[PDB]
Amino acid sequence: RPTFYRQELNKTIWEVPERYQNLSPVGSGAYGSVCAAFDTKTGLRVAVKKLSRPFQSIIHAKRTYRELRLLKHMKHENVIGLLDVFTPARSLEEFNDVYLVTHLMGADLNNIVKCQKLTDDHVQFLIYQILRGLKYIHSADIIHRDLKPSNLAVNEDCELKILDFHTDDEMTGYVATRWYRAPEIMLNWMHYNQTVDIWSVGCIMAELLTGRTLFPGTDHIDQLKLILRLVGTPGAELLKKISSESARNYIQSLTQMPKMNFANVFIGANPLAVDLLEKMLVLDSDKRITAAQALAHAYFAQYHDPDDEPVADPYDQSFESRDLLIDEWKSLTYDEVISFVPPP
Ligand SMILES: Nc1c(C(=O)c2cccc(OC[C@@H](O)CO)c2)cnn1-c1ccc(F)cc1
């Protein structure tokens with residue numbers, strides 16, 4: 001057990017191992033209760049997240065367990081992983097606070113690229129990295145579900161990590177929280193798949209190429225209309241898969257529209273980029289390109305290396321189907337904290 005010291009930061013007492021020095025709040029609340037620090041043991045600049053007391057309810061206790069399990073699993077260059085996890089508690093009975101330590105990133109994709117068109121070379125490299133991370137995440141049967149520029153963090157050499165794996169209110173109106181969501185998830189059409197994330201990548205890629213939001217809808221329905229104008233209205237085949245009968249019924253009220261010519265939308269773009277976008281932005285999720293398929297697309301010829309695009313170890317999510325008591329989720333979480341082994 002290391003020696004812990006106390007400091008008052010985000011209106012609360014942080015008790016952390018001596019190895020972490022010069023704690024300073026970051027993100028202005030937008031990432032949770034997170035402080036930047038210097039890890040004297042590793043020489044890394046790190047982010048330390050103190051969970052907002054994590055066992056207040058069953059829902060919150062399970063969410064705490066979920067986040068720790070996910071972060072402990074992720075071991076990939078393009079995905080946020082766990083450098084350390086600790087608690088000042090000396091026993092399960094004393095256990096009430098969890099601190100998570102990760103790499104400190106420089107900026108998110110949003111505040112970097114906002115309103116700006118990138119060069120094709122830069123788009124290739126950024127999207128390649130996202131796809132490389134997604135191949136890894138998907139190989140563990142994990143779906144991100146909320147990919148957008150604000151949960152893509154980059155450093156000075158354009159090296160990228162996926163992080164931050166919502167309420168009805170925060171998804172309402174003219175909001176970036178919804179602009180990158182696949183239509184089947186936005187409108188609860190069906191049980192969705194991993195390629196909900198590929199839709200999101202398509203939206204991000206389009207925006208990097210143009211400097212403009214692809215589907216900046218003023219509400220869910222306005223957004224759907226923007227989407228269907230580009231990709232065309234659904235055919236009978238997809239309509240049958242919309243298991244929601246009310247959703248299915250609303251779609252057939254719309255005047256039919258053919259898919260647009262993407263070369264006339266993304267004017268001047270690399271033809272290979274246009275081709276990839278056409279394969280990502282397919283309405284029927286069964287027919288969307290996968291992360292592994294996309295990595296082998298000719299657009300990434302200068303970066304693709306099938307021997308340097310690893311997959312994840314299997315990830316057991318059986319706990320999701322389980323209904324436990326707070327103290328049980330808490331004990332499971334404690335076991336995961338005390339069993340943590342840091343990376344090389
Ligand atoms: N590591 C990060 C960041 C960042 O590194 C980050 C993200 C965007 C911008 C950013 O810039 C920081 C600068 O403003 C200060 O150097 C960091 C944001 N959230 N987390 C995080 C920490 C612990 C966890 F368990 C999970 C996630």
# chains A, B, ... in the order shown; residues from 1 in each chain; ligands from 1
>>> select_by_dssp(residues="region 202-313 of chain A", states="helix (DSSP H, G or I)", output="MDAnalysis selection string")
chainID A and resid 202:210 220:231 236:239 245:251 262:265 271:280 285:287 291:295 298:300
>>> residues_near_ligand(ligand="ligand 1", cutoff="9 Å", atoms="only C-alpha atoms and all ligand atoms", output="VMD selection string")
chain A and resid 25 to 28 30 to 36 45 to 51 67 to 68 71 80 to 82 85 99 to 109 111 150 to 155 163 to 165
>>> residues_around(residues="residue 53 (chain A)", least_positions_apart="2", cutoff="7 Å", atoms="only C-alpha atoms", output="PDB file with C-alpha atoms, in the first residue's frame")
ATOM      1  CA  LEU A  51     -16.024   9.000  -9.168  1.00  0.00           C
ATOM      2  CA  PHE A  55     -22.494   3.298  -4.801  1.00  0.00           C
ATOM      3  CA  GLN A  56     -25.446   5.616  -4.072  1.00  0.00           C
ATOM      4  CA  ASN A  96     -16.512   4.259  -0.794  1.00  0.00           C
ATOM      5  CA  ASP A  97     -14.319   6.100  -3.319  1.00  0.00           C
TER       6      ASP A  97
END
>>> closest_atom_pairs(of="region 54-149 of chain A", to="region 175-178 of chain A", cutoff="10 Å", atoms="only C-alpha atoms", output="CSV")
residue,atom,partner,partner_atom,distance
A:146,CA,A:177,CA,8.2
A:147,CA,A:177,CA,9.4
A:148,CA,A:177,CA,7.8
A:149,CA,A:176,CA,9.1
>>> select_by_dssp(residues="region 75-248 of chain A", states="strand (DSSP E)", output="PDB file with C-alpha atoms, in the first residue's frame")
ATOM      1  CA  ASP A  84      -3.939   2.765 -12.400  1.00  0.00           C
ATOM      2  CA  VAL A  85      -6.975   2.440 -10.156  1.00  0.00           C
ATOM      3  CA  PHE A  86      -6.981   3.057  -6.428  1.00  0.00           C
ATOM      4  CA  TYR A  99     -10.081   6.830  -8.534  1.00  0.00           C
ATOM      5  CA  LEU A 100      -9.282   5.977 -12.162  1.00  0.00           C
ATOM      6  CA  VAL A 101      -6.000   6.999 -13.784  1.00  0.00           C
ATOM      7  CA  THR A 102      -5.445   7.278 -17.546  1.00  0.00           C
ATOM      8  CA  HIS A 103      -3.192   9.055 -20.066  1.00  0.00           C
ATOM      9  CA  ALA A 107      -7.460  18.067 -26.871  1.00  0.00           C
ATOM     10  CA  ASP A 108     -10.606  16.493 -28.322  1.00  0.00           C
ATOM     11  CA  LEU A 152     -11.982  11.396 -29.691  1.00  0.00           C
ATOM     12  CA  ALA A 153      -8.825  12.763 -28.093  1.00  0.00           C
ATOM     13  CA  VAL A 154      -5.632  13.580 -29.931  1.00  0.00           C
ATOM     14  CA  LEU A 160      -5.758   9.477 -31.530  1.00  0.00           C
ATOM     15  CA  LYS A 161      -7.574   7.656 -28.708  1.00  0.00           C
ATOM     16  CA  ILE A 162     -11.236   6.700 -28.363  1.00  0.00           C
TER      17      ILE A 162
END
>>> residues_around(residues="residue 335 (chain A)", least_positions_apart="5", cutoff="9 Å", atoms="only C-alpha atoms", output="list in words")
residues 92, 330 and 340 of chain A
>>> write_last_selection(atoms="N, CA and C atoms", output="PDB file, in the first residue's frame")
ATOM      1  N   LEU A  92     -12.954  -3.669   2.467  1.00  0.00           N
ATOM      2  CA  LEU A  92     -14.243  -3.563   1.779  1.00  0.00           C
ATOM      3  C   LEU A  92     -15.242  -2.696   2.556  1.00  0.00           C
ATOM      4  N   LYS A 330     -20.716  -3.417  -5.219  1.00  0.00           N
ATOM      5  CA  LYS A 330     -19.598  -2.792  -4.525  1.00  0.00           C
ATOM      6  C   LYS A 330     -18.467  -3.782  -4.261  1.00  0.00           C
ATOM      7  N   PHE A 340      -6.142  -5.197  -9.778  1.00  0.00           N
ATOM      8  CA  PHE A 340      -5.567  -4.482 -10.918  1.00  0.00           C
ATOM      9  C   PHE A 340      -4.048  -4.642 -11.020  1.00  0.00           C
TER      10      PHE A 340
END
>>> closest_atom_pairs(of="region 110-199 of chain A", to="region 250-260 of chain A", cutoff="12 Å", atoms="only C-alpha atoms", output="Markdown table")
| residue | atom | partner | partner_atom | distance |
| --- | --- | --- | --- | --- |
| A:183 | CA | A:251 | CA | 11.7 |
| A:184 | CA | A:251 | CA | 11.9 |
| A:187 | CA | A:250 | CA | 11.0 |
| A:189 | CA | A:251 | CA | 10.5 |
>>> residues_around(residues="residue 271 (chain A)", least_positions_apart="6", cutoff="12 Å", atoms="only C-alpha atoms", output="number ranges by chain")
A: 120, 262-265, 277-278, 298-299
>>> closest_residue(among="A:338, A:282, A:326, A:311", to="residue 54 (chain A)", atoms="only C-alpha atoms")
A:326
>>> atom_distance(atom1="CA of residue 331 (chain A)", atom2="CA of residue 1 (chain A)")
19.1 Å
>>> atom_distance(atom1="CA of residue 332 (chain A)", atom2="CA of residue 58 (chain A)")
12.7 Å
>>> residues_around(residues="residue 114 (chain A)", least_positions_apart="3", cutoff="9 Å", atoms="only C-alpha atoms", output="PyMOL selection string")
chain A and resi 109-111+117+207-208+211-212
>>> residues_around(residues="residue 210 (chain A)", least_positions_apart="5", cutoff="12 Å", atoms="only C-alpha atoms", output="MDAnalysis selection string")
chainID A and resid 113:120 123 203:205 265:270 273:274
>>> atom_distance(atom1="CA of residue 309 (chain A)", atom2="CA of residue 283 (chain A)")
27.2 Å
>>> closest_residue(among="A:248, A:288, A:220, A:73", to="residue 194 (chain A)", atoms="only C-alpha atoms")
A:288
